[PDB]
Structures are given as C-alpha cells and as structure tokens.
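The next block holds one structure in the form of structure tokens; read it before the comments.
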Ligand SMILES: Nc1[nH]c(=O)nc2c1ncn2[C@H]1C[C@H](O)[C@@H](COP(=O)(O)OP(=O)(O)OP(=O)(O)O)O1
Ligand code: NA
Ligand code: NA
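Numbering (this note's numbering), first residue to last: 155 to 310.
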C-alpha cells in the first residue's frame, strides 16, 4: 500500500465562467489548473485550500464547499497525491499574475480541456452539474492515463 500526501484544489466557478491558472514556467508550462498546493501541518484541509488559493491567486473567500476527492498515482513515484477538491462562487478581490502562474477567466462553453490535466475532462462535467465525486487516476507522465475510476457520490 502506498503512502499519500495531502493536496488541495480550488475551482473558482461562477454561473457563466471559471477562473483557472496557467503554469508559466518549467515542466508543465502552458497547462491550466485550479488553485492549490500541499496541505501543511496543523491546518484543516479546507483552511489549507483557502490559504493556497490566497497564496497562489491573491483571492480570498468567505467559505468553500467540498465537491470531490481525487487520488493521483504517477508511474515511478511511490507517493500518491490525495487531492481534496473545493469550489466557490463567492470571491473577494481580483486574481493576480505571479512569476509562476497567470490567471484567466474562461466562459463555461470555452473550458480549455485540451490544455488542462487530462483527468479534468472526466470530473469537471460532474462539478458543473453540482454533483460530488470520488476519483482515482494513474498517469504515465503528464499526458497518459493508464487506469482510472470515477464515481458520483452523495457525501465526499
Ligand atoms: N492530475 C491533476 N489534475 C488536476 O486537476 N490538478 C492536479 C493534477 N495533479 C496535480 N494537480 C494540482 C493539485 C495541486 O493543486 C497542485 C500541485 O501542488 P504543488 O505540488 O504545486 O503544491 P505546493 O505548491 O504546495 O508544492 P511545493 O512545490 O512543495 O511548494 O496541482
Ligand atoms: Na504550498
Ligand atoms: Na505549486
């Protein structure tokens, strides 16, 4: 059985648009993602998701709501990524471009799936339907899924 490391992912989802962040630099440049990072010692997962959103994008929120949980496994990496997925419609402030990340809104008929993580094509449609989900994806590298499971759940 592998060990897992906790991560967060926040989708800034409004009725007609979603805010995503593009990686500007390095391995994975050009890919659009929600906002998040590693959970730190002593914080709740939800508080870590809020902190990461603020650190990564400049945005604050009053509340998040949990919408999913996805485990990622990469070939060659013994540690699983346990990603806790949150969404909010209610944001404070404007998103900020950093040296690492450029934020941009996309209309919900222009979701840039080809330039997102491949798994997003599977679970983001559930998020748009206000469904909750559990997922697992095994990757060879950044582009290829070798195995995956996705299931709608009533409780995350
Ligand atoms: N397959 C995938 N699909 C997806 O939609 N988001 C993914 C993903 N794989 C990783 N992510 C997201 C999860 C999380 O928000 C982020 C990865 O977190 P990072 O390792 O960048 O965290 P930190 O910035 O805390 O790490 P440090 O490098 O240690 O500072 O990318
Ligand atoms: Na971090
Ligand atoms: Na990061």
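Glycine included, C-beta positions come from ideal geometry on N, C-alpha and C.
Given residue i as reference, the closest of the options once Cα atoms are compared
i	options	result
residue 269	242, 175, 250	175
residue 253	231, 212, 285, 298	212
residue 306	195, 282, 163	282
residue 290	178, 203, 234	234
residue 217	309, 202, 192, 265	202
residue 215	195, 194, 189, 251	189
residue 193	187, 184, 205, 182	205
residue 186	161, 199, 302, 296	296
Assigned exposure category for residue i - 16 Cβ within 10 Å defines buried
i	result
residue 163	buried
residue 180	exposed
residue 263	exposed
residue 257	buried
residue 238	buried
residue 277	buried
Residue i Cβ short of 7 Å to ligand 1 heavy atom set
i	result
residue 269	no
residue 298	no
residue 282	no
residue 173	no
residue 237	yes
Residue i beta carbon near ligand 2 (any heavy atom closer than 7 Å)
i	result
residue 206	yes
Start-to-end residues for the alpha helix (DSSP H) that takes in residue i
i	result
residue 202	199-211
residue 275	274-282
Collect the residues with a C-beta less than 5 Å away from any heavy atom of ligand 2 and give them in sequence order along the chain.
The set of residues whose C-beta lies within less than 5 Å of a heavy atom of ligand 2 reads, in chain order, 191, 192.
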